[PDB]
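Take a look at the structure below.
Numbering of residues begins at 1 and proceeds along the displayed sequence.
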Amino acid sequence: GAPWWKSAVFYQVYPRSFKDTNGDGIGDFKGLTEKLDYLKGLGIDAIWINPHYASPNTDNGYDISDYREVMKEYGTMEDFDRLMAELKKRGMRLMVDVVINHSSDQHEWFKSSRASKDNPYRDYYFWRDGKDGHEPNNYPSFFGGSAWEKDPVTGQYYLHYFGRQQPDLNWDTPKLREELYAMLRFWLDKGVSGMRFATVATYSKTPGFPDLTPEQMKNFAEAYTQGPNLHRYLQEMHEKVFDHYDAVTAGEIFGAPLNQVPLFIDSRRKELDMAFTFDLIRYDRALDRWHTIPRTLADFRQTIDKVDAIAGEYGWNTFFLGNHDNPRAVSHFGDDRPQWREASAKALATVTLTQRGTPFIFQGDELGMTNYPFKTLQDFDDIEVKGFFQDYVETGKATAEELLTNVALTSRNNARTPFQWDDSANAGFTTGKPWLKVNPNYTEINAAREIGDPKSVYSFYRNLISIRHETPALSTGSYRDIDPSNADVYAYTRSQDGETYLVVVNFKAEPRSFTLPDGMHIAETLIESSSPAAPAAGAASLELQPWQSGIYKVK
Ligand SMILES: OC[C@H]1O[C@H](O)[C@H](O)[C@@H](O)[C@@H]1O
Ligand SMILES: [Ca+2]
């Protein structure tokens with residue numbers, strides 16, 4: 001049979017922005033725990049939570065200062081234990097985020113490492129002499145400036161691919177590997193069902209740290225995935241940790257060329273179980289990560305087809321249209337204008353829930369939440385944007401205005417505005433002042449309004465989750481794009497054990513038709529959105545309303 005995770009629907013919870021229960025304006029574990037019935041009723045099998053560890057929060061949990069303690073803002077270890085127990089009560093599973101490319105610079109390992117060149121923890125991190133009067137080499141940081149920071153305590157520089165307060169951990173050091181493996185066991189021994197490995201493809205660094213070529217410089221995120229020992233380390237982690245448990249692992253394979261993805265997820269390789277890739281969600285992002293490039297449905301569907309191709313007989317993909325690092329799904333891939341938001345959000349739900357792979361729904365997407373109307377500099381506050389200011393505005397490459405107009409569309413804060421529970425003060429997320437403002441559209445878009453409405457985005461998601469669960473081909477079926485070149489109507493089949501389903505989604509705000517492949521006809525209509533009526537049994541074609549979606553069994 002297929003592992004539970006291949007037929008699961010996951011929901012991602014960004015705990016900081018999901019539900020606050022003590023009026024400090026930051027979401028927490030008690031808030032999440034209080035909302036499990038809501039997630040269970042939606043039909044969710046397992047939740048992935050963003051990092052929940054002790055953290056100075058320079059990067060909202062991705063800078064961890066103690067891997068064996070809970071972040072103070074979310075609660076205590078007891079609250080974490082209660083979350084797990086309450087999930088388990090409901091037959092639901094927890095996946096946690098694992099951030100072991102780097103720690104906080106406040107982690108005690110780093111506090112020791114920096115003390116001297118002979119410190120026992122010195123090689124828990126990468127320390128190098130400057131060269132030619134400046135940095136060890138020309139590596140840039142994702143979060144601005146050089147990836148090398150001089151520490152005058154020793155006069156050497158340490159490596160940080162991300163923030164200056166996120167020094168990279170040195171996987172070449174076996175005692176470091178052993179500490180990380182022991183840390184992973186600490187959490188898995190508590191009963192955690194899954195682990196998502198953040199930036200998993202950057203763990204291996206190239207011996208000697210030679211300069212990037214100017215080609216590599218223009219795509220340094222890819223260069224940082226090419227360390228010669230990467231798969232050696234992932235295999236060791238599996239041997240020493242995951243072989244001993246039954247937790248699912250997922251890698252956030254950021255930066256890596258798609259053709260390398262099989263090395264991470266082929267089950268025979270004993271590395272990771274499934275891939276988060278970024279080819280789709282960044283399919284319209286420029287190399288600088290902040291400009292957008294126009295794309296069409298043909299580019300969208302062709303990327304999916306390529307990502308599907310790298311999950312062979314033995315590999316497996318996740319599928320997602322949003323996460324805490326990206327704009328809102330309906331804003332990004334749909335049409336978020338008041339007249340099309342609901343219709344297009346339903347369309348994208350149909351896509352999400354009928355893809356081959358394990359779908360992850362990001363918190364709020366089931367309501368049709370949208371991008372935020374940024375109005376002030378403060379609205380954009382985020383370490384990555386601070387870095388774009390450093391790299392692009394201080395250097396005179398762009399004005400602040402150019403940067404913010406563009407980051408309005410791409411800002412990670414679009415995804416981090418509080419979840420909109422109801423139409424009370426701050427959409428019911430907090431009784432205090434939320435850490436990020438609530439989107440003003442919460443008067444219209446909120447869970448309490450949608451749950452009771454048969455025609456809401458929520459109810460559609462719920463109904464799609466039910467259909468997928470009921471229908472094996474829709475989870476583990478083969479996938480085939482009916483016409484990769486079509487830029488109007490996305491259509492595809494899922495097949496398993498001699499049953500074939502057809503998914504058809506108009507991405508245009510206009511009527512369009514669709515002719516089924518010769519020899520194929522409609523047998524039954526499982527569900528549709530924005531349709532006035534279902535096709536007649538035997539139909540060789542369909543008339544589509546704007547943004548209409550449907551799933552059909554064919555014959
Ligand atoms: O840790 C640095 C970054 O790593 C991953 O890309 C995370 O998904 C992102 O939120 C984080 O800032
Ligand atoms: Ca709180």
Side-chain angles (χ1 to χ4, degrees), residues 55-64 99 101-106 110 114 125-128 130 133-152 156-168 198-199 202 205 209 211-214 216-217 219-224 254-255 278 282 285-293 324-327 372 374 376-385 387-400 402-416 435-436:
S55 177
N57 280 311
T58 63
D59 190 18
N60 290 358
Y62 283 95
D63 54 317
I64 290 168
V99 188
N101 180 74
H102 48 275
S103 69
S104 170
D105 67 347
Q106 307 293 335
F110 192 67
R114 55 186 302 233
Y125 298 86
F126 288 102
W127 292 96
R128 292 302 188 268
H134 46 53
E135 293 91 350
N137 68 16
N138 62 356
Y139 278 11
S141 171
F142 295 101
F143 290 171
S146 176
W148 296 101
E149 179 69 13
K150 197 175 185 172
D151 184 355
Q156 285 185 319
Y157 292 76
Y158 64 92
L159 186 58
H160 55 101
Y161 283 165
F162 300 89
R164 289 171 287 276
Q165 298 155 109
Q166 282 163 300
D168 286 51
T199 176
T202 57
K205 275 65 164 167
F209 289 116
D211 286 311
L212 297 180
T213 70
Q216 292 168 335
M217 273 286 267
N219 196 354
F220 68 89
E222 184 174 320
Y224 292 166
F254 193 84
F278 292 76
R282 292 293 170 90
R285 191 74 58 90
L287 280 193
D288 63 17
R289 312 193 330 272
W290 61 268
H291 280 98
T292 290
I293 297 186
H324 56 296
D325 286 332
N326 285 284
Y372 183 81
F374 298 89
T376 193
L377 192 285
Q378 297 66 15
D379 281 338
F380 289 92
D381 219 303
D382 169 16
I383 190 163
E384 187 175 28
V385 174
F388 295 148
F389 269 95
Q390 174 177 12
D391 289 339
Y392 294 98
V393 176
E394 289 171 29
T395 50
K397 297 185 204 267
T399 54
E402 280 178 335
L403 177 60
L404 287 323
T405 292
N406 287 282
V407 168
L409 308 193
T410 59
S411 166
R412 304 200 286 187
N413 281 1
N414 281 300
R416 306 176 173 197
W435 76 279
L436 224 35

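- Sorted by first and then second residue, the salt bridge (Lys or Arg N to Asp or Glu O under 4.0 Å) pairs with a member in residues 137-146 form an empty list; sequence neighbours excluded.
- Residues that satisfy the side chain to side chain donor-acceptor pair (under 3.5 Å) test with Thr58, not counting sequence neighbours, are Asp63.
- Shown here for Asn414 and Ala408, the closest heavy-atom pair between the two residues is ND2-O, 3.1 Å.
- Residues satisfying the side-chain contact (heavy atoms from CB on, under 4.5 Å) criterion with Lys397, sequence neighbours excluded, are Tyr392, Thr395.
- Residues passing the side-chain contact (heavy atoms from CB on, under 4.5 Å) test with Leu159 are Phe126, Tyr139, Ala147, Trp148, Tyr161, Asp168, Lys205, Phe209, sequence neighbours excluded.
- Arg412 pairs by the salt bridge (charged side-chain N to carboxylate O under 4.0 Å, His left out) definition with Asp59, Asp325, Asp382, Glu384, not counting sequence neighbours.
- Using a 4.5 Å heavy-atom threshold, the side chains of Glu149 and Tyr158 count as touching.
- Partners of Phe278 by ring-ring contact (aromatic ring centres under 6.0 Å, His included), not counting sequence neighbours, listed by chain and number: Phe254, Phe320.
- Every residue meeting the side chain to side chain donor-acceptor pair (under 3.5 Å) condition with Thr202, not counting sequence neighbours, appears here in chain and number order: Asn101, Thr199.
- For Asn413, there are no side chain to side chain donor-acceptor pair (under 3.5 Å) partners, not counting sequence neighbours.
- Aromatic ring pairs are classed by plane angle as parallel below 30°, tilted from 30° to 60° and perpendicular above 60°; the pair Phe374 and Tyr372 is perpendicular.
- Contact check for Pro140 versus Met217: side-chain heavy atoms found under the 4.5 Å cut-off.
- Closest heavy-atom contact between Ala415 and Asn326: CB-O, 3.3 Å.
- Legend: residues meeting ring-ring contact (aromatic ring centres under 6.0 Å, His included) with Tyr125, ordered by chain and number and at least two apart, are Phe110.
- For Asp105, there are no salt bridge (charged side-chain N to carboxylate O under 4.0 Å, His left out) partners at least two apart in sequence or on another chain.
- Taking all atoms of both residues into account, the shortest heavy-atom contact from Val407 to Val385 is CG1-CG2, 3.8 Å.
- When side chains are defined from C-beta on, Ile383 counts as touching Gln166, because their heavy atoms get closer than 4.5 Å.
- When all heavy atoms of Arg128 and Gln156 are compared, the closest pair comes out as O-CB, 3.5 Å.
- Closest non-hydrogen pair, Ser141 versus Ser146, comes out as CB-O, 3.7 Å.
- Side-chain contact between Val393 and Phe388 is absent, with no heavy atoms from C-beta onward closer than 4.5 Å.
- Partners of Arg114 according to the salt bridge (charged side-chain N to carboxylate O under 4.0 Å, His left out) rule, which considers only residues two or more places apart in sequence or in another chain, are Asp151.
- For the ring-ring contact (aromatic ring centres under 6.0 Å, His included) test, residues two or more places apart in sequence or in another chain that qualify with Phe162 are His102, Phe142, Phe143.
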